[PDB]
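Asker: experimental structure and sequence below, a few questions after.
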Amino acid sequence: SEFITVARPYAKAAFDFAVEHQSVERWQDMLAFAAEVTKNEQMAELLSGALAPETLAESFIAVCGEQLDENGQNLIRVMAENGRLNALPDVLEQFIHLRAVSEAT
Amino acid sequence: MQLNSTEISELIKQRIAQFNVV
């Protein structure tokens, strides 16, 4: 269960529409806080506990303080459905570069 | 290339913004 490659598209696919609805601005926080909790010793074990994505899917969006719009809840479940919801930072680093590319042309 | 996790981007774009809307 280590599809690190899934974070590359996640950071972009989640950014593609985040730009059309002008979410990118407030959306940056959601990914920043999400990527920060996934790389947290206690949260890391909680996420990689079993094959069931539900235990880590709702647990993640909840520990964030329910501050995630519809896409924040849809992404964490799909990310967990692929057995790699803990790869939030794997997408964050990719997303930060997408902003630089959008903030350049 | 479209076949490995890197191509799921379009599938993600449809689910990340429209997961519970099918």
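Answerer: Alright, I've got the coordinates. Residues are numbered from 1 along each chain as shown, chains lettered A, B, ... in the order given.
Asker: helix or strand: which one has the residue nearest the centre of chain B?
Answerer: Closest to where the C-alpha atoms of chain B average out (Cα atoms, centre = their mean) is residue B:11, at 1.5 Å. Counting by DSSP states H and E, the element that carries residue B:11 is helix B:9-18.
Asker: if we go by neighbour counts, what in that helix is buried?
Answerer: B:9, B:12-17 (16 or more other Cβ atoms under 10 Å in any protein chain shown). (Each C-beta comes from the backbone N, C-alpha and C, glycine too.)
Asker: keep only those residues that also lie close to chain A.
Answerer: Counting by Cβ under 8 Å from any Cβ of the partner chain, B:9, B:12-13, B:15-17 from those sit close to chain A.
Asker: what segments of chain A are helices?
Answerer: Along chain A, counting by DSSP state H, helices occupy A:7-20, A:24-38, A:41-47, A:53-63, A:70-81, A:88-102.
Asker: output the contacting helices and strands for the first one.
Answerer: So the one you mean is helix A:7-20. Other helices and strands packing on helix A:7-20, by 3 or more Cβ pairs under 8 Å, 6 or more residues apart in numbering or on different chains; DSSP states H and E, are helix A:24-38, helix A:70-81, helix A:88-102, helix B:9-18.
Asker: at 6 Å instead, please
Answerer: helix A:88-102, helix B:9-18 (3 or more Cβ pairs under 6 Å, 6 or more residues apart in numbering or on different chains; DSSP states H and E).
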